[PDB]
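S.K.: My structure is below; once you've seen it, I'll send some questions.
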Amino acid sequence: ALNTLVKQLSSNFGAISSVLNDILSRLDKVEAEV
Amino acid sequence: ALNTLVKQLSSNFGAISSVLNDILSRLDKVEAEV
Amino acid sequence: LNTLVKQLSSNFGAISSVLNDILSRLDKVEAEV
């Protein structure tokens, strides 16, 4: 159903944001060490 | 309605592509320094 | 909503693939600094 899809999408995008933020923070730290 | 959802999704996916591209670009550069 | 769901599945699969490649590459650089 539509409402279920929308909830799934919010969870997916939330997880993607989390993973991207972790990557960005780690990449910042590596860049600072070169 | 559906049109609103599709526009929101399109915007979300565009932002994710932009961020991924920036990360890939930055990773390429760091890999060259280590 | 079959068409949209199929498109979304494809997009999310591609994102997971790209994220995995990034995480692998990031792990290696962290080990090399």
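Residues are named by chain letter and number: chains run A, B, ... in the order of the structure tokens, numbers start at 1 in each chain, and ligands are numbered from 1 in the order shown.
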All Cα atoms, paired in order, least squares: that's the fit I need for chain B onto chain A, output as an mmCIF file with N, CA, C and O atoms, in the first residue's frame.
M.R.:
```
data_model
loop_
_atom_site.group_PDB
_atom_site.id
_atom_site.type_symbol
_atom_site.label_atom_id
_atom_site.label_comp_id
_atom_site.auth_asym_id
_atom_site.auth_seq_id
_atom_site.Cartn_x
_atom_site.Cartn_y
_atom_site.Cartn_z
ATOM 1 N N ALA B 1 -0.134 -0.561 0.935
ATOM 2 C CA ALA B 1 -0.591 0.592 0.095
ATOM 3 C C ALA B 1 0.438 1.735 0.095
ATOM 4 O O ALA B 1 1.621 1.532 0.440
ATOM 5 N N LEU B 2 0.000 2.936 -0.293
ATOM 6 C CA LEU B 2 0.918 4.056 -0.414
ATOM 7 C C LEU B 2 1.609 4.356 0.903
ATOM 8 O O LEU B 2 2.789 4.654 0.916
ATOM 9 N N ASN B 3 0.866 4.289 2.005
ATOM 10 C CA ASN B 3 1.436 4.592 3.311
ATOM 11 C C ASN B 3 2.641 3.686 3.656
ATOM 12 O O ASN B 3 3.635 4.186 4.152
ATOM 13 N N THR B 4 2.546 2.391 3.325
ATOM 14 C CA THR B 4 3.629 1.428 3.503
ATOM 15 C C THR B 4 4.822 1.846 2.661
ATOM 16 O O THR B 4 5.949 1.884 3.151
ATOM 17 N N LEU B 5 4.578 2.176 1.394
ATOM 18 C CA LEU B 5 5.694 2.553 0.531
ATOM 19 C C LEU B 5 6.425 3.796 1.050
ATOM 20 O O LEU B 5 7.649 3.832 1.090
ATOM 21 N N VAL B 6 5.666 4.808 1.435
ATOM 22 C CA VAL B 6 6.266 6.050 1.909
ATOM 23 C C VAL B 6 7.094 5.810 3.160
ATOM 24 O O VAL B 6 8.173 6.397 3.295
ATOM 25 N N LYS B 7 6.610 4.954 4.066
ATOM 26 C CA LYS B 7 7.382 4.644 5.295
ATOM 27 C C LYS B 7 8.672 3.943 4.944
ATOM 28 O O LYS B 7 9.716 4.233 5.526
ATOM 29 N N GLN B 8 8.592 3.014 3.987
ATOM 30 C CA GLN B 8 9.803 2.282 3.556
ATOM 31 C C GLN B 8 10.804 3.223 2.933
ATOM 32 O O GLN B 8 12.015 3.091 3.193
ATOM 33 N N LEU B 9 10.313 4.142 2.106
ATOM 34 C CA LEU B 9 11.202 5.092 1.433
ATOM 35 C C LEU B 9 11.834 5.993 2.465
ATOM 36 O O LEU B 9 13.048 6.290 2.416
ATOM 37 N N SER B 10 11.013 6.459 3.405
ATOM 38 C CA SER B 10 11.541 7.348 4.468
ATOM 39 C C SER B 10 12.681 6.671 5.238
ATOM 40 O O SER B 10 13.747 7.281 5.532
ATOM 41 N N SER B 11 12.497 5.380 5.522
ATOM 42 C CA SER B 11 13.487 4.634 6.257
ATOM 43 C C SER B 11 14.750 4.487 5.414
ATOM 44 O O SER B 11 15.862 4.640 5.941
ATOM 45 N N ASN B 12 14.574 4.144 4.137
ATOM 46 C CA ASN B 12 15.723 3.990 3.223
ATOM 47 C C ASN B 12 16.531 5.286 3.142
ATOM 48 O O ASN B 12 17.782 5.259 3.223
ATOM 49 N N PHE B 13 15.838 6.407 2.960
ATOM 50 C CA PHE B 13 16.531 7.698 2.816
ATOM 51 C C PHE B 13 17.207 8.110 4.120
ATOM 52 O O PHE B 13 18.299 8.665 4.097
ATOM 53 N N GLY B 14 16.592 7.819 5.271
ATOM 54 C CA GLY B 14 17.278 8.091 6.528
ATOM 55 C C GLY B 14 18.574 7.331 6.691
ATOM 56 O O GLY B 14 19.585 7.872 7.204
ATOM 57 N N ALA B 15 18.567 6.069 6.275
ATOM 58 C CA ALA B 15 19.761 5.230 6.400
ATOM 59 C C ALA B 15 20.840 5.747 5.462
ATOM 60 O O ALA B 15 22.008 5.806 5.838
ATOM 61 N N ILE B 16 20.454 6.096 4.240
ATOM 62 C CA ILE B 16 21.425 6.652 3.275
ATOM 63 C C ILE B 16 22.029 7.958 3.802
ATOM 64 O O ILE B 16 23.264 8.107 3.753
ATOM 65 N N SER B 17 21.217 8.828 4.399
ATOM 66 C CA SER B 17 21.762 10.082 4.946
ATOM 67 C C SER B 17 22.763 9.758 6.043
ATOM 68 O O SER B 17 23.835 10.354 6.087
ATOM 69 N N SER B 18 22.408 8.820 6.928
ATOM 70 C CA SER B 18 23.340 8.465 8.015
ATOM 71 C C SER B 18 24.690 7.970 7.477
ATOM 72 O O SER B 18 25.750 8.317 8.008
ATOM 73 N N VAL B 19 24.644 7.082 6.495
ATOM 74 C CA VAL B 19 25.866 6.507 5.934
ATOM 75 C C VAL B 19 26.689 7.560 5.206
ATOM 76 O O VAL B 19 27.929 7.591 5.338
ATOM 77 N N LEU B 20 26.015 8.408 4.436
ATOM 78 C CA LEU B 20 26.710 9.511 3.726
ATOM 79 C C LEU B 20 27.413 10.444 4.726
ATOM 80 O O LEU B 20 28.585 10.853 4.538
ATOM 81 N N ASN B 21 26.697 10.794 5.791
ATOM 82 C CA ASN B 21 27.260 11.652 6.829
ATOM 83 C C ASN B 21 28.502 11.013 7.448
ATOM 84 O O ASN B 21 29.514 11.701 7.669
ATOM 85 N N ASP B 22 28.449 9.703 7.700
ATOM 86 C CA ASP B 22 29.597 9.006 8.297
ATOM 87 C C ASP B 22 30.772 9.032 7.324
ATOM 88 O O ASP B 22 31.912 9.320 7.708
ATOM 89 N N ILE B 23 30.496 8.747 6.054
ATOM 90 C CA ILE B 23 31.560 8.803 5.040
ATOM 91 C C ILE B 23 32.165 10.218 4.940
ATOM 92 O O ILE B 23 33.394 10.364 4.850
ATOM 93 N N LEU B 24 31.332 11.251 4.955
ATOM 94 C CA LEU B 24 31.847 12.616 4.746
ATOM 95 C C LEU B 24 32.750 12.985 5.894
ATOM 96 O O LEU B 24 33.821 13.571 5.687
ATOM 97 N N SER B 25 32.297 12.605 7.090
ATOM 98 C CA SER B 25 33.039 12.853 8.330
ATOM 99 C C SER B 25 34.391 12.195 8.299
ATOM 100 O O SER B 25 35.394 12.811 8.668
ATOM 101 N N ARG B 26 34.422 10.947 7.835
ATOM 102 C CA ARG B 26 35.658 10.155 7.773
ATOM 103 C C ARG B 26 36.589 10.660 6.686
ATOM 104 O O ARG B 26 37.806 10.726 6.880
ATOM 105 N N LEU B 27 36.008 11.076 5.569
ATOM 106 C CA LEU B 27 36.794 11.668 4.496
ATOM 107 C C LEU B 27 37.449 12.945 4.981
ATOM 108 O O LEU B 27 38.608 13.208 4.689
ATOM 109 N N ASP B 28 36.703 13.770 5.707
ATOM 110 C CA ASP B 28 37.286 15.022 6.230
ATOM 111 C C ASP B 28 38.555 14.746 7.045
ATOM 112 O O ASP B 28 39.556 15.453 6.944
ATOM 113 N N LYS B 29 38.497 13.705 7.860
ATOM 114 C CA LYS B 29 39.594 13.352 8.742
ATOM 115 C C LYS B 29 40.793 12.821 7.972
ATOM 116 O O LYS B 29 41.938 13.175 8.288
ATOM 117 N N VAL B 30 40.548 11.968 6.971
ATOM 118 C CA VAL B 30 41.662 11.428 6.181
ATOM 119 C C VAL B 30 42.340 12.528 5.361
ATOM 120 O O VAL B 30 43.555 12.548 5.248
ATOM 121 N N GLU B 31 41.548 13.446 4.801
ATOM 122 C CA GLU B 31 42.106 14.550 4.004
ATOM 123 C C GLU B 31 43.109 15.398 4.786
ATOM 124 O O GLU B 31 44.065 15.940 4.213
ATOM 125 N N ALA B 32 42.914 15.449 6.104
ATOM 126 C CA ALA B 32 43.774 16.196 7.022
ATOM 127 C C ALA B 32 45.076 15.467 7.349
ATOM 128 O O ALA B 32 46.029 16.073 7.877
ATOM 129 N N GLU B 33 45.139 14.175 7.041
ATOM 130 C CA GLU B 33 46.309 13.367 7.364
ATOM 131 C C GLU B 33 47.209 13.159 6.137
ATOM 132 O O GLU B 33 48.335 12.674 6.263
ATOM 133 N N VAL B 34 46.713 13.515 4.951
ATOM 134 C CA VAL B 34 47.500 13.380 3.713
ATOM 135 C C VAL B 34 47.792 14.733 3.050
ATOM 136 O O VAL B 34 48.373 14.785 1.967
#
```
S.K.: Hey, list the chain C side of the contact with chain B: 8 Å cut-off, only C-alpha atoms, answer as a list in words.
M.R.: residues 18, 22, 25, 26, 29, 32 and 33 of chain C
S.K.: Please produce a file of those selected residues containing N, CA and C atoms, as a PDB file, in the first residue's frame.
M.R.:
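As a result, out14.pdb now contains:
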```pdb
ATOM      1  N   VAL C  18      27.167   1.599  -4.996  1.00  0.00           N
ATOM      2  CA  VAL C  18      28.121   2.715  -4.958  1.00  0.00           C
ATOM      3  C   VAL C  18      28.617   2.974  -3.544  1.00  0.00           C
ATOM      4  N   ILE C  22      32.423   2.756  -2.139  1.00  0.00           N
ATOM      5  CA  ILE C  22      33.055   3.867  -1.394  1.00  0.00           C
ATOM      6  C   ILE C  22      33.605   3.404  -0.039  1.00  0.00           C
ATOM      7  N   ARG C  25      36.788   1.408  -0.370  1.00  0.00           N
ATOM      8  CA  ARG C  25      37.888   2.304  -0.741  1.00  0.00           C
ATOM      9  C   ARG C  25      38.320   3.172   0.449  1.00  0.00           C
ATOM     10  N   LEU C  26      37.349   3.641   1.199  1.00  0.00           N
ATOM     11  CA  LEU C  26      37.631   4.478   2.385  1.00  0.00           C
ATOM     12  C   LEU C  26      38.360   3.674   3.437  1.00  0.00           C
ATOM     13  N   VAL C  29      42.040   3.527   2.309  1.00  0.00           N
ATOM     14  CA  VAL C  29      42.796   4.773   2.518  1.00  0.00           C
ATOM     15  C   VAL C  29      43.047   5.027   3.984  1.00  0.00           C
ATOM     16  N   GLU C  32      46.017   3.392   4.953  1.00  0.00           N
ATOM     17  CA  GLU C  32      47.231   3.823   4.263  1.00  0.00           C
ATOM     18  C   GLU C  32      47.772   5.193   4.695  1.00  0.00           C
ATOM     19  N   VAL C  33      46.981   5.963   5.438  1.00  0.00           N
ATOM     20  CA  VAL C  33      47.467   7.279   5.905  1.00  0.00           C
ATOM     21  C   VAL C  33      48.465   7.194   7.064  1.00  0.00           C
TER      22      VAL C  33
END
```
